[PDB]
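Visitor: let me give you the complex in parts, starting here:
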Amino acid sequence: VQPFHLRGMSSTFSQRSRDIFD
Amino acid sequence: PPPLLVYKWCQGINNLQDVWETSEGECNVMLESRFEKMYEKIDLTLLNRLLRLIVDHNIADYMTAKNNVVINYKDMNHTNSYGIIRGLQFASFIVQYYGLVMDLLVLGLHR
């Protein structure tokens, strides 16, 4: 539970990940 | 053993319904190919989403969390974020399940 959200990511890369993976 | 695989594949080619009859213009096609860069092009978030269907979610988080670690060679450190770490113990599962997802794309669900 409580999805992974890789250590790493920058701002816009987090935005794109939250957009396409949710 | 893989030569038994070859022998049973030859027996399966032989034992079809009228496989060598070409009196009416039929054809046999034998495709062989390789998935290029199968090990490097696995996104880890997609892997976690596809992996949470078959196991407990903490197990999938542990399997995704091991892949995001720093690789070192004697002076050089870099983090891994795209593609799986192929030298893990449980990675032999990850290639065999993810490639199963390829069979639903190639072979089709009905077949």
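Guide: It's in. Residues are numbered from 1 along each chain as shown, chains lettered A, B, ... in the order given.

Visitor: and the contacts of stretch B:76-85?
Guide: A:6, A:8, B:39-44, B:47, B:66-71, B:91, B:94-95 (C-beta atoms under 8 Å, 6 or more residues apart in numbering or on different chains). Yep, even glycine has a C-beta here, placed from its N, CA and C like the rest.

Visitor: right, I mislabeled it, should have said stretch B:49-67
Guide: A:1, A:4, A:21, B:44-45, B:47-48, B:80, B:84-85, B:88, B:90, B:94, B:97-98, B:101.

Visitor: go ahead and build a PyMOL selection from the buried members of these.
Guide: PyMOL command restricting the contacts of stretch B:49-67 to the buried ones, with burial defined by 16 or more other C-beta atoms under 10 Å in any protein chain shown:
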select buried, (chain A and resi 4) or (chain B and resi 44+45+47+48+84+94+98)
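
Visitor: buried ones in the strand or helix carrying residue B:94?
Guide: Element membership for residue B:94 (DSSP states H and E) is helix B:91-106. With burial defined by 16+ other C-beta under 10 Å, the residues of helix B:91-106 counted as buried are B:91, B:94, B:98.

Visitor: throw chain C onto that model:
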Amino acid sequence: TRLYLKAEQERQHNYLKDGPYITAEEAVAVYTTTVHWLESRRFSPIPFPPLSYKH
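Guide: Chain C now in position relative to the chains above:
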């Protein structure tokens, strides 16, 4: 070895820079495809071994 490490460190930073190379629609397609296949076979998920699995 050092040249391949310089190539790998470059391509990982290129992935972090250019974003994910997969679109959302293909991900939804393969996700729903896996859902339909596993619901077609009645697959029961692998449980966590609680305290004593006796194996």
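
Visitor: take the contacts of stretch B:76-85 again, chain C included.
Guide: By C-beta under 8 Å, 6+ apart, stretch B:76-85 touches A:6, A:8, B:39-44, B:47, B:66-71, B:91, B:94-95, C:2, C:5-6, C:8-9, C:11-12, C:15-16.

Visitor: so which bits of chain C are right by chain B?
Guide: Contacts of chain C with chain B, taken as C-beta under 8 Å from any C-beta of the partner chain, map to C:1-2, C:5-6, C:8-9, C:11-12, C:15-16, C:20-22, C:27, C:30-31, C:33-38, C:40, C:43, C:45-48.

Visitor: and those residues near chain A, which?
Guide: Among these, proximity to chain A is found for C:16, C:20, C:22, C:27 (C-beta under 8 Å from any C-beta).

Visitor: what number of residues lie near residue B:12?
Guide: Number of residues near residue B:12 (other C-beta atoms under 10 Å in any protein chain shown) recorded here: 10.

Visitor: before we move on, back to that, in helices, which of the ones next to chain A among the residues of chain C next to chain B appear?
Guide: Secondary structure defined by DSSP state H assigns C:16, C:27 of those to helices.

Visitor: for PyMOL, what selects the buried ones among the ones next to chain A among the residues of chain C next to chain B?
Guide: To isolate the buried ones among those in PyMOL, judged by 16+ other C-beta under 10 Å, type:
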select buried, chain C and resi 20+27
